[PDB]
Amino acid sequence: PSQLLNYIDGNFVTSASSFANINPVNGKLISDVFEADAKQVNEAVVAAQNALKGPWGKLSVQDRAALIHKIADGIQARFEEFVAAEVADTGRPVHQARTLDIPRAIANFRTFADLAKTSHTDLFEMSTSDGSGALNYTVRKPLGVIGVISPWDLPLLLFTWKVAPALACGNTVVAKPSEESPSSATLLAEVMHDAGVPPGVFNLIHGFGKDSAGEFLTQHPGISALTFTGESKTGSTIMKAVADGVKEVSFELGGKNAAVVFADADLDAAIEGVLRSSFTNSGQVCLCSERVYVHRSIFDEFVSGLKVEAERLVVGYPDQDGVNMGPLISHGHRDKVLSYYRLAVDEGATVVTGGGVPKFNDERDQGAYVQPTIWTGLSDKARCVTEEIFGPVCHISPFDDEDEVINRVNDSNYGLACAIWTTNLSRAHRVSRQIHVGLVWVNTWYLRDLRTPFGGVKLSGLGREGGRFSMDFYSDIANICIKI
């Protein structure tokens, strides 16, 4: 059916090799995707380098921002096509795509264009020996060619989260979306083309990681930065790969996030929240909770309530009425998730609900669905409690003491995010500041303001993006010092 081409130096192109994009709802082929080779990656980088010297480089910040708003306008004008593309690749509920995925991707471009317009830099006066003094000022320049490599859990959102500020700062871009979700990125290339974005400014390359476009990108001496979102292991590999070039790097990596429910929490709200944080996108979001700690006094009641709500979840088609969960991204990913399902049992988990695959008796049985799953009875040292599963699952465990549960949350090689449920003023602020992660929510989950810094600690990442931090990462900060 559909064909997904690379976009290089203003032109769509095919490749020697192609791979399949497969609908996880039913296992049916959606499209053929051309895998760019080493030579085409080179062509992309060189074009990106030259574009920096072209008309793109002559644009005022205001004109550049106007054009980026045009890109956002073009996505909005093809809104439903973008919805259809995200849904096809990933099986995500249509409502989620219409309210989260696509509008956030548009908001990424608008927000960074606006920040580009309002941003400024610094002026430092200094005294000198002769009493004439000196002036030091800083400027933001384009960093150069930014290599962007993105994952499949929020395809257009996380892709544009890198591409928008890269372009807002006047860089050119070579971007490699996940092989699992190539569609919406390809449509973005079309939007770029139609908006009149100069050739070479934005380049789209398809493929995999090792011995494919992804690796080739990280190895190319022509890039100035590599921004990456994906597994921690992949982060380290890429960090080694750019080391000889001393390329700027920004990494958003894996997590094993906890949710903590204190005794004074609003229990019904906490249950709804943990339900959402565990099972949204079938638990395939980096921000999902897979470890949950609940105060002993309310533990059993909490687990009972969550069981009931988890069992009311509708698992099925993306446009099915009242659907809460679609399938996992792919059969390979499902294999990995079920392997963890077994392991949890072997490690001695009580299976509160789920633990298998739903029986549909239609085409969905050919897809890659699993059941939302809850475990109890596992130790803090259990693999299923420590390793990132990336499916619709959580383990729940009681605790007694505040300092205790803080230490248990922090006892991890990851540190992406955490959610805390409490109605107590002091406790919200005291506990939150003690959690060793980049992002804590109190009495909510997945709230994101694009102005805030975002990033992880430990294995969950390196550096920060968002607001001023993106404006700093995607720019050369240069100092000019004038003796007066």
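So that there is no doubt, residue numbering starts at 1 and follows the sequence shown.
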**Item:** Entry-level comparison of average CA B-factors, 259-267 and 341-349, reporting the higher stretch
**Value:** 341-349
**Average Cα temperature factor in the PDB entry - higher stretch of 430-438, 25-33** = 25-33
**Request:** Check the PDB entry and point out which of 416, 447, 425, 419 has the largest C-alpha temperature factor.
**Result:** 447
**residue 41 CA temperature factor, ranked by third within the chain** = highest
**Message:** What third of the chain does residue 461 rank in for C-alpha temperature factor, lowest, middle or highest?
**Reply:** middle
**Asked** By its CA B factor, does residue 162 count among the lowest, middle or highest third of the modelled residues in the chain?
**Response** lowest
**Prompt:** Lowest, middle or highest third of the chain for the C-alpha temperature factor of residue 65?
**Reply:** lowest
**Fill in**
Quick tally, chain-level thirds of C-alpha B-factors: residue 365 sits in the highest
